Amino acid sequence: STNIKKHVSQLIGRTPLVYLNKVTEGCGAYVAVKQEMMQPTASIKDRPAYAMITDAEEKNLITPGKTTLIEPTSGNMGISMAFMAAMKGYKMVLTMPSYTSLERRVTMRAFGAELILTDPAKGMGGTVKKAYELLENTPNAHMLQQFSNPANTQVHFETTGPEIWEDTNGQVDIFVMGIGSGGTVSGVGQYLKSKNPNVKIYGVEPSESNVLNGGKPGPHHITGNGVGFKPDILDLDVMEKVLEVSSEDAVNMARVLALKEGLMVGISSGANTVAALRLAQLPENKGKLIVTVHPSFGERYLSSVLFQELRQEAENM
């Protein structure tokens, strides 16, 4: 009878595409960007988070008020999981290294997640072990496992990809996306292929941490991208190749997107756009429609390198 949503989770998905007009000077191709900032949590994460918790409910694995959900994660998957746990009324326990961002930790707590900070000296391996110890010692507990839970890939197959196919009226020639868990690129990749097999799909990863192109893992600044190993759910075969983008270029492009397109986006959005533009400058792609994603809102990263210059220029005055 009305267009009023019954649930906050119904605000998830169905996000807009926008053409880039300024930054695309000298490109034979059209680039459009999917804006995931328009979600309850202001990041792409909201999709997998809903999908994993909901899938586990339908399979009768978890019960609200009785199951303790456990996950070794932080950074915008942690925020989305905390968010979902709040809406559906699950106890959510998140393990992370103590050197984790204070801004992320405060945000996850605002939704009621319990945080356990593990010893810094043991890094990620520490939080994963901690989370497994808690899973084994907690009576009604369940771990989501974002890197191997196929409901992660499935959500993009059923919502992210179909949205991209519909909004471009079947015209998308090329899809570019950074790899984190690999869920987005794998799920959108498979869906687009099943509609038109000539659609080219590309991954993006940091130059400084290029493990999928045979490099060694290492620190980088493309937040959300490049975990340093191959996730189980990542589908290597659906991609033409994994493009590499340096942190420097991704950072610079993110700044430009704000100044010239009015898109306040993160470093990951930066890297995707760099990859898209350079595909868009290739002669064979002339006239083609290339789609990429801006996975989250830029204001989340106010204390990162993205606003480094602005932050200190503003301190001095």
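Each residue number is its position in the shown sequence, starting from 1.
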Please work out which of 112-120 and 219-227 has the higher mean CA B-factor as recorded in the PDB entry. 219-227
Stretch with higher mean Cα temperature factor, 277-285 vs 251-259, is 277-285
Select one of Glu133, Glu205, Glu103, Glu158: the residue whose C-alpha shows the highest B-factor in the crystal structure entry. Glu133
Residue set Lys91, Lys88, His142, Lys241, per-entry CA B-factor max assigned to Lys241
Where does the C-alpha B-factor of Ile12 rank in its chain, lowest, middle or highest third? lowest
Per the entry's values, where does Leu192 land by CA temperature factor relative to the rest of its chain, in the lowest, middle or highest third? middle
Against its chain's modelled residues, does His294's Cα B factor rank lowest, middle or highest third? lowest
Compare the C-alpha B factor of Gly214 with those of the other modelled residues in its chain, then answer lowest, middle or highest third. highest
Lowest, middle or highest third: which one holds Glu163 when the chain's residues are ordered by CA B-factor from the entry? lowest
